[PDB]
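Next up: just one chain, as structure tokens, the form deposited in one PDB entry.
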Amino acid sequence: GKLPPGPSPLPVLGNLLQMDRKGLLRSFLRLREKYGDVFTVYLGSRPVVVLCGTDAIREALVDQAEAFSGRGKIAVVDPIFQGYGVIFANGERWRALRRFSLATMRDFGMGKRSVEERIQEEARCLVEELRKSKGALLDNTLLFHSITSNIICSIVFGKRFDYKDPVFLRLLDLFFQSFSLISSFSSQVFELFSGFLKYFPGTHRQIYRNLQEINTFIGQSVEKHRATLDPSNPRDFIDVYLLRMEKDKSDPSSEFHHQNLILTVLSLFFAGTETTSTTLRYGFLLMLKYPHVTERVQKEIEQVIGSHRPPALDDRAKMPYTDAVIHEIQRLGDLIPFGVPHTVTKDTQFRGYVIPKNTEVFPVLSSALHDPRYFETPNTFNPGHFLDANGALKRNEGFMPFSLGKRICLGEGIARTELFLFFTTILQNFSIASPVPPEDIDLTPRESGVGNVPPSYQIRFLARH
């Protein structure tokens, strides 16, 4: 049936000569200009199909959902996962882990705190910590990585860490350094010649080393959980997984074993810590660049929530402006630019082309979030993209920051609740400022690869009264 159009490759080097030195995303966007919304490019010797624009992505991930439900690989972390854990698994193993992960977080019995309550509690701890800074200028990177890591810790380990805990800070350091390395230029070259470059020194080794040190901490927590498990009262995600292992003792095809336990927990930290945190850091940078918008969010908080009680998730339905602002922070932040690689699960017929089973497919989410066919002046921040004439929230088919289809972000619910409660609880309690004039605020990513990493910046949180 034939593959989608694309630059003729050279053996070994593939399409290296037709790439853009800026990175994989620019390379993909440049090729889209020449070959259309659906093309083939060779990363090293591997052929991959690229889908660009809202329409093409929706046709694949939604209209042929099952076919495009396969998961590809990211070379610098594949040595860690190797097909285990809920993110990088395929087939029955993925189906089983996803179903269990959704159900285990979608509800944690009674007597325990809901996910919304754990986030409100973390937002309260955050407010207390920021009050201690007395409004001094700071870089919010560490605290924003802390609050989102703490939500996953609460869910998986059954508790949060104090912001000044040495264990926590070390773990935080390992993770953050890894995300920066993972979307660095080197990791993107590694994506092309891993088969060859895997044999040499480099950042891919430091990434591996850091993630294994985190897996070691995960393993020791699993042992502590095992040693104190009370079947009558599971405490968190690990206890629930351990109880399922007991339930499946006689099932030789169960996927609930050790490797999927450690790597599913790593998956939830990997995914649950990084993107929500960078979205929040990018959102506050935009709020410094658009003080008028920040002021309107604070006015809506005052009208709907007031200044005494904490924001609750059900306030969001009565706060369309703030909700539109968060949508727009996600849309312009474009935190996972070329998506997380998929693969087709069978030879697939797509737009008159044939995509062979297991071929890697990149749904370039950035090209939908910035799709001119759906968003006027896509490169400019405007909450109005999500608001109708009456100020009510409006949907846009191009808005797919969590992707779409069978692989749609498993943590979407948790992430949206974290964005709404952290953004509103911070702005209800603090006004923000920085020495940089709004006009001079640069939104350009410090690094752009599988993740977009926002630039560092200074900000102050002044307690309100």
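Just count from 1 along the sequence shown to find any residue number. We call the rigid core whatever largest set of C-alpha positions still superposes within 1.5 Å between the two forms.
A.B. asks: Relative to the other compared entries, is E447 without coordinates in a third or more of them?
C.D. replies: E447: unmodelled in a third or more of the comparison entries.
A.B. asks: Determine if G195 is unmodelled in a third or more of the other PDB entries compared for this protein.
C.D. replies: No, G195 is modelled in every other compared entry.
A.B. asks: Give the stretch, out of 74-82 and 347-355, with the larger mean C-alpha temperature factor in the deposited entry.
C.D. replies: In the deposited entry, the stretch with the higher C-alpha B-factor mean is 347-355.
A.B. asks: Mean CA temperature factor from the deposited coordinates, higher in 176-184 or in 194-202?
C.D. replies: Higher of the two, by average CA B-factor, is 194-202.
A.B. asks: Which listed residue, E376, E328, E300, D314, has the largest C-alpha temperature factor in the record?
C.D. replies: Within the set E376, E328, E300, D314, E376 shows the top C-alpha B-factor.
A.B. asks: For the CA B factor values reported in this entry, which option in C409, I414, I432, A65 has the top one?
C.D. replies: Result of the comparison over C409, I414, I432, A65: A65.
A.B. asks: Select lowest, middle or highest to describe the third in which the CA B-factor of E33 falls within its chain in this entry.
C.D. replies: Highest third, going by the recorded CA B-factors of the chain.
A.B. asks: By the recorded C-alpha temperature factor, relative to the other modelled residues in its chain, which third is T424 in?
C.D. replies: Lowest third.
A.B. asks: Determine, from the deposited record, the chain-internal third of the Cα B-factor for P234: lowest, middle or highest.
C.D. replies: Tercile = highest for this residue's CA B-factor.
A.B. asks: Taking only the Cα B-factors deposited for this chain, tell me whether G44 sits in the lowest, middle or highest third.
C.D. replies: Highest third, going by the recorded CA B-factors of the chain.
A.B. asks: So where's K2 on the chain's Cα temperature factor ranking, which third?
C.D. replies: Highest third of the chain for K2's C-alpha B-factor.
Below: the form deposited in another entry, not depicted.
A.B. asks: I want to make sure I read this right: if the two forms are fitted on their rigid core, which of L29, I414, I426, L61 has a C-alpha displacement of 2 angstroms or more between this form and the one not shown?
C.D. replies: If I go through the list carefully, the shifting residue is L29.
A.B. asks: With both forms fit on the core, has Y321 moved 2 Å or more by CA between this form and the one not shown?
C.D. replies: Not so; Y321 is displaced by less than 2 Å.
A.B. asks: Once the two forms are fit on the core, has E128 moved its CA by at least 2 Å between this form and the one not shown?
C.D. replies: Comparing forms between this form and the one not shown, the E128 CA shifts below 2 Å.
A.B. asks: Please state whether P231 has a C-alpha shift of 2 Å or more between this form and the one not shown, with the rigid core used for the fit.
C.D. replies: Superposed on the core, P231 moves its C-alpha 2 Å or more between this form and the one not shown.
A.B. asks: Would one find the Cα atoms of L211 and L410 closer or farther in the other entry than in this form, where their distance changes by 3 Å or more?
C.D. replies: Result: farther.
A.B. asks: Are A317 and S101 closer or farther apart at their Cα atoms in the other entry than shown, with the shift being 3 Å or more?
C.D. replies: Closer in the other entry, by 3 Å or more.
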